[PDB]
Amino acid sequence: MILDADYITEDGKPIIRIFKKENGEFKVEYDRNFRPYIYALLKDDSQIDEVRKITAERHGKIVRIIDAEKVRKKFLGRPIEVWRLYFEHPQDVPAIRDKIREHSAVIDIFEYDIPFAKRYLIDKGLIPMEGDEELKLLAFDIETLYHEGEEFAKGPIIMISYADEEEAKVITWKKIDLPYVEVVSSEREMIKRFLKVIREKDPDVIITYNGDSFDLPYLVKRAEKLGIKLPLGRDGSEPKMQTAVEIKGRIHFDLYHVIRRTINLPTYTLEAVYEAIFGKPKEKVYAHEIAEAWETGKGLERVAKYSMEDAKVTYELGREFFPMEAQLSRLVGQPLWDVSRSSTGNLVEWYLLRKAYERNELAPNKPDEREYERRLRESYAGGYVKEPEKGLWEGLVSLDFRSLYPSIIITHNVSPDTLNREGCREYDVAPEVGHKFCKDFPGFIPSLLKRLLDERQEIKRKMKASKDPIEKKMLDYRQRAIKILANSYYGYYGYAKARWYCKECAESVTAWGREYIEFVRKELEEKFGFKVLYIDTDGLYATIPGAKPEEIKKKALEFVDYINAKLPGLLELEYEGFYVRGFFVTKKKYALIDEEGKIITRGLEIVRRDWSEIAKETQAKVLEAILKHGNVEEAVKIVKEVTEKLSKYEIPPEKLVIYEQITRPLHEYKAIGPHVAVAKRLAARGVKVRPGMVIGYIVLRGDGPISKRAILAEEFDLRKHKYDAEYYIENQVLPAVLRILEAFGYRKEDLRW
């Protein structure tokens, strides 16, 4: 399979290199007969010879148009005649782009900023990551001695750990006697030993976490100071900065970019990411511990444990994310190095750029800086969000559209080239915004989106007709890769950097979305006796007041068949589930419970460790009283009862501890919060106290700011102190339950004494 492509220069001529892994053997093809080009729209053909006189200079040499060729293409559906101007070297184009455009005979230029090797992949129709090949993956990471204030790469690299499917080792230059640790002479020998590992294993994919920004730039800096090269590429080249890092013969897969745009987390440390998707917590050791262990020697086995686990975790994450990103690269038609480092809008643009070439479509240019900001200062209406019905409801059903925006794009032919197109037999008119879309011919984007949807379901129907997961699991990643690409079309329409930018298109798609969801609302209540409780863009919750649970399900499934016969095109509603009961506090804040007693919340729960246990406990009691017992009054009695025990000092102090983490040297704090004030009293008493240390405190009764009444929770003693009951009532328990109970008419006044 094709892994990557780039170009080298020989006697001024560019030579394409195609990096392939081919039946377990690395292979490089060379193409020297491919040349860069741009397109130029001229006011008149008589002046092409005048334009072919335009010259520029770079690195002393002159830059010339070496060939011209008149070609008839389509620009957003319209036929256009354009001149293809060839050049000798790809780096000639940026030196002569503007002078060709600034010429009086030239209206505009097109396709002038495509990377040369990717231009080759498109024009030749080559798809990376296509085939059977077993790619060899290897992960690596480093630890560094760091002292506060150092300016990156000042301290040396300690431990270079690596892990693959068979092994996990750590290379350090101090003696640590574990079977998986290899001790070498110096930091320079440690780097040299890692180069031998790369040369020995010869991996196809180099897996890192945050290696673009830390691991490999740290290597490049340290190896420079130590006077040693890093021939990590399969052609013997150093890693190249593009900020991201390339390794020529291989695929530098940095997991940070994929994970950051796939899963939403509070922080993206390696430990937080690991158990967010595997469930196993990972122990973290901070820079202050790593330093001290290397200074003395105390606990270096613990750091070798942390270094080895860092590599094994990086390999395990890289292994589970690689098959998806591989199928995504295959679908978009660009190398995984680029696919794993681009937003969804850029993934769509590469896909259409390839499709535009296949369809002889001229591609629009990227916006200038000023048009880019004007697009950013644009806005349009979004999805229909309803202030929900208050109170507790029984027998809720969930109904939502299936691919609402993709189905609207296809059904109404929403595309930049069909927008307000004159002389058509038909148009679909968008509600409110009133944009017209011609229906006489398939739009460029709706055509591609249609084939993606239908190809996805052919894959679904070929997954059931299977028994291996040698493709069933491979088809699953492929169909979900199509779902990612197809569900990115709408966002691309409003992507300010997009070439096929069309805000009128995205504005129309969301306008239809509000029309159809409100149409479902009307038929639900005026023809089927339902009561819709909550609406969010493409879905809603509804119930039949007083009806039995089974009768609500039966009429909900019948409404689905009824409303889908009346919906046009691919627009399809579906039944998504039943809930025993639930309530809605406001927009995007509600709580439900399903038929297995499983409580589901949204925008309500307090999960941070900044909350005392008595806060999380009381909120959990309230939700279960309302959802499991259907008793709003019991939930009010719970809060009221908790506030009584709080003021009578009957709540045990462990449920009152607030854990906070010191993330910094104490003297650099200006926000002197309670945990910082406690940490400073510990430091003054001789305790060491360093970033990463968690405190855990309790607020005592006293005068002004709670930053002064904080006591180290381990030092609390009821015979000696008393906690600020008013703090934990007004700042912990009540803020955890107030707006939940406010949704039922109660108030802060009703939850005290």
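Residues numbered from 1 in each chain as written, not as in the entry; some residues may be left out. Heavy atoms only, no water.

As deposited, the entry is annotated with X-ray crystallography as its determination method and 2.502 Å as its resolution.

Could you clarify how one ought to interpret the overall build of the chain in this entry?
Within the chain, the secondary structure is distributed over 23 helices and 27 strands. Dimensions of the chain, computed from C-alpha atoms along their principal axes, come out at roughly 95 × 80 × 55 Å. Counting over 753 residues, the chain shows a buried share of 52%. Accessible surface, the chain as shown: approximately 35900 Å² in total, 48% of it carbon and sulfur. (Helix = DSSP H or I, 4+ residues; strand = E, 2+ residues; numbered from the N terminus. Buried < 20%, exposed > 50% of the residue type's maximum accessible area, 1.4 Å probe, protein only. Areas by Shrake-Rupley, 256 points an atom, 1.4 Å probe, with all protein chains shown as cover.)

I tried to follow the packing of helix α7 (residues 270-278) against helix α9 (residues 300-332) on my own but got confused; where do I start?
Two quantities define a packed helix pair, namely the angle between the helix axes and the distance between the axes. Between α7 and α9, the shortest axis-to-axis distance is 11 Å and the interhelical angle comes to 45 degrees. If you check the angle between α7 and α9, you find them oblique. α9 is crossed by α7, and the crossing has left-handed handedness. Contact residues: α7 offers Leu 270, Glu 271, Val 273, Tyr 274, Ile 277 and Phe 278, while α9 offers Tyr 306, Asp 310, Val 313, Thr 314, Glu 316, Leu 317, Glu 320 and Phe 321. Considering only residue class, the contact of α7 with α9 consists of nine nonpolar, one polar and four charged. (Axes fitted to C-alpha atoms, helices over the stretch in contact; angles between N-to-C directions. Parallel < 35°, antiparallel > 145°, perpendicular 65-115°, else oblique. Left-handed = near helix turned anticlockwise from the far one by under 90°. Contact = heavy atoms within 4.5 Å. Nonpolar A, V, L, I, M, F, W, Y, C, P; charged D, E, K, R; others polar.)

Mind showing me how you'd approach the side chain of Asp 92 here?
For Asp 92, the location among the structural elements is in the loop between β8 (78-86) and α2 (93-101). Under the relative-accessibility criterion, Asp 92 is labelled buried at 1%. A polar side-chain atom of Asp 92 sits 2.7 Å from a polar atom in the side chain of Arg 58. Polar side-chain contacts of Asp 92 include one of 3.1 Å to the side chain of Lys 61. (Polar contact = N/O pair within 3.5 Å; in protein donor to acceptor, adjacent residues only side chain to side chain.)

Got a minute to help me understand the sheet that holds strand β4 (residues 37-42) in this structure?
Sheet strands line up and pair through hydrogen bonds in the backbone, either parallel or antiparallel. Reading across from one edge, β7-β8-β4-β9 is the order of the four strands in this open sheet, with antiparallel pairing throughout. What marks the edges here is a single partner per strand, and that holds for β7 (67-75) and β9 (106-110). With strand direction ignored, the average angle separating the axes of adjacent strands in the sheet is 35 degrees. Taken strand by strand, α2 contacts β4, β8 and β9, and its axis lies near 150 degrees from that of β9. (Pairing = 2+ DSSP bridges.)

Would you explain unusual backbone geometry in this entry?
Trans peptide bonds make up most of the peptide bonds, and negative phi angles are found at most residues other than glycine. For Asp 202, which is not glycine, the phi dihedral falls at a positive 50 degrees. The exposure class assigned to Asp 202 is partly exposed, which follows from its relative accessible area of 31%. Backbone geometry places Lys 588, a non-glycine residue, at a positive phi of 65 degrees. Mapped onto the elements of the fold, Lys 588 is located in the loop between β23 (573-586) and β24 (589-593).

Help me understand the pattern of salt bridges in this model?
When their charged atoms lie close together, side chains carrying opposite charge are able to pair. Applying the stated rule across the entire model yields 82 salt bridges. For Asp 338, the salt bridge goes to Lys 118, with nearest N and O atoms at 3.4 Å. The class for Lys 118 is buried, based on a relative accessible area of 13%. A network of salt bridges, in which partner residues are shared, links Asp 6, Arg 17, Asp 235, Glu 246 and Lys 248. (Salt bridge = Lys/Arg side-chain N within 4 Å of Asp/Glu carboxyl O.)

Just checking my understanding: could you explain the sheet that holds strand β2 (residues 13-21) for this structure?
The strand order β1-β2-β3 describes an open sheet built from three strands, whose pairing is antiparallel. The open sheet terminates on both sides in strands that have one partner only, identified here as β1 (2-10) and β3 (26-31). Ignoring strand direction, the axes of neighbouring strands in this sheet form an average angle of 25 degrees. Pairing between β1 and β2: eight bridges, direction antiparallel. Paired with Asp 4 across the two strands is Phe 19, which belongs to β2. Across the sheet, helix α3 (residues 116-124) touches β1, β2 and β3, and the angle it forms with β2 is around 70 degrees.

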